[PDB]
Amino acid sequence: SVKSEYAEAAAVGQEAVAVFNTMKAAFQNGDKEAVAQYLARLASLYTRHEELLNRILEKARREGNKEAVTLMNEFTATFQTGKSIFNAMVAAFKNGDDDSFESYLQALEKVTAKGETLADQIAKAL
């Protein structure tokens, strides 16, 4: 069902949370080789998550599930805020700008924390 597809999407999201925290530890420790690898892993995970989310939103639309569509339109918008911040973070890493990397990292954490009550609301709406 769309509900089990959302649980699968939620797990991919939690995987990115896990890798992100390991990445934050590596950044603080100065292990740039590790950070580079974790950033590649996160890019792939976010690409996957975004794709599942779109398939969930399109399915909710075809199902006429107006409330789920409303919530998923909001949630995908916020996902794109996180994605833009992540991409800027990756650029800061390429550029050697640890000040910008720190800023983007904290922002990406707060955008993720904010978007969690909605993530739970979608599970219940589908």
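Residue indices: 1-based, along the sequence shown. Each form is matched to the other, and the largest set of C-alpha atoms that superpose within 1.5 Å is called the rigid core.
- Remark: when the other structures in 8 other deposited structures of this protein are fitted onto this one via the rigid core, 117-125 deviates more than the alternative among 117-125 and 3-11, judged by RMS CA distance.
- The mean Cα B-factor in the deposited entry runs higher for 113-121 than for the other of 113-121 and 14-22.
- Taking the mean C-alpha B-factor of each stretch as recorded, 97-105 and 70-78 are not equal, and the higher mean is that of 97-105.
- Among the modelled residues of its chain, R61 has a C-alpha B-factor that falls in the lowest third, as given in the PDB entry.
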